[PDB]
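Form deposited in one PDB entry, single chain, as structure tokens, below.
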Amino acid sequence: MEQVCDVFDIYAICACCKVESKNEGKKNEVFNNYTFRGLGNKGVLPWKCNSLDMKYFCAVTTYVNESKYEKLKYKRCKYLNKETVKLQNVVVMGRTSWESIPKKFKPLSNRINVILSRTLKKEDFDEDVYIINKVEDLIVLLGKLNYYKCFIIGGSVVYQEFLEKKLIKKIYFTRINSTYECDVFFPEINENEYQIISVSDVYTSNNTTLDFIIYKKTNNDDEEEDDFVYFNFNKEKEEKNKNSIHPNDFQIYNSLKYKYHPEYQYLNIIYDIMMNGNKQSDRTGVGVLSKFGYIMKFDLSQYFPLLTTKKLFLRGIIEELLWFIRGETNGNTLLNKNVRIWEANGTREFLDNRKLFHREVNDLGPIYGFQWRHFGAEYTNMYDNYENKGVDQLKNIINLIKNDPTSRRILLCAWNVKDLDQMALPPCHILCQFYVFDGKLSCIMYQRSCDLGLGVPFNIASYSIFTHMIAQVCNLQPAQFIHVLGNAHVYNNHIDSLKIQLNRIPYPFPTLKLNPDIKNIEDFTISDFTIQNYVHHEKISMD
């Protein structure tokens, strides 16, 4: 049986930012969709203006397809039983919202402007600017008009008094990922009434990241299509797929239509290794599902790609980077700061199984740092002085970027074939290549071995931060970080956790902030790095 919002095509469109608590978050803040609920402040927007949100609002509320109207006209008039009634959309708002708009571009261009109010009389306005007395009389006015879709463009009350009356088929919802002072807030959307079916790319505008999501009301030449089917004649269409994983499992992941959030590059790879991976044994003797050769790209000028579908920490991985940059190989330096990334690889037991019987505990051999600052020097022990020994690759790439930015030889390589056996383990992160165009730096990192569940989330972060570091000391803006995965594997003991993760919807990404005073690569310290607006799902223990 047909419903009102379904017939008249009534949608809500809004934008919500984060709201400050006077109660400083003394415990770990808990995030959900309701985190983004701030609508207004003192009769205006909490962030004053956002030029990309404003472009999106206009674009959505004014777009019309005339060739799909008849079906809507036939739907509506037949619903009303009657036979008879430039195509434009209806925008419905409250009195305050209408007063909030500046007169210069009021009324709202190319739209049928309706205004809910009880002190407004039609006398003071016009015919094309409909005034309405109550919620009930909209449906009446929509029966007498030619319009494509009907958008409730807000007022806290208006949204409130439309959602509880179930008059909203979809909510077009912008997540503004920054905090402001707010006096009015969007209602709390009930997970049983609406659900997200799409998530956009992540964007930066007016000094904040944002994304656009779509809530959907829940249910509680032609013959160019055939040529397509012919080209698929050689597939294996079935019920059971390689690795015993079910339909139930990825319900929410598969229920989304559009998944353009860049976090899906990581999640889709996980999905693909789960659906199509090869069962293989491994060195650790745990078992993996693996595939070979993927690429991700992250636009560092729009966001910092810190995964939001679980909680990630960055002190440790920043310290590792600073340790690399110093050329250090001494695992004790990291352990004394309680960064234990390399602890297991520096034990007596581990070093002995590597046949490094004459190596001091936590002396990791000529690994990353040594290779970046001293490639080709003779490694002795972790306490020796190597000043001016070997090739200082880090310095060389920084000089190439500054003086010869179009070079195709700007590479930082860790995979020193001669020294491999002396390393506690060989590098997973083989090399970094750099590319500079128009004042912008991009970096490719080739990773030979990628633990999708535990390692890769951190690996993305390390090299994003490093790309910022290199860019800043060379007076460039960071553009793309490009992650190439060789042997890409999901450990079997991660499978259940990654199943939980794949059915979580990303939040818009945070931003990285470097102390702008730092201008040489060796001058960074742990307090020079700030992550802002990290909104994330709850922590997951992978193992």
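Only residues modelled in both forms are compared. The numbering used is simple: start at 1 and walk along the sequence shown. Between two forms, the rigid core is the largest collection of C-alphas that superpose within 1.5 Å.
If you look for the form deposited in another entry, you will not find it shown, but the lines that follow are about it.
- Candidate set 409, 118, 283, 355; criterion, C-alpha shift of 2 Å or more between this form and the one not shown after rigid-core fit; matching residue, 283.
- Residue 23: CA moves 2 Å or more between this form and the one not shown after rigid-core fitting.
- The Cα position of residue 127 differs by 2 Å or more between this form and the one not shown after fitting on the rigid core.
- The distance between the CA atoms of residue 180 and residue 24 is at least 3 Å longer in that other deposited form than in the form shown here.
- Relative to this form, the distance between the C-alpha atoms of residue 284 and residue 486 is increased by at least 3 angstroms in that other deposited form.
- Taking the core as fixed, the parts between this form and the one not shown where three or more residues in a row have CA shifts of 2 Å or more are 22-27, 123-128, 283-285.
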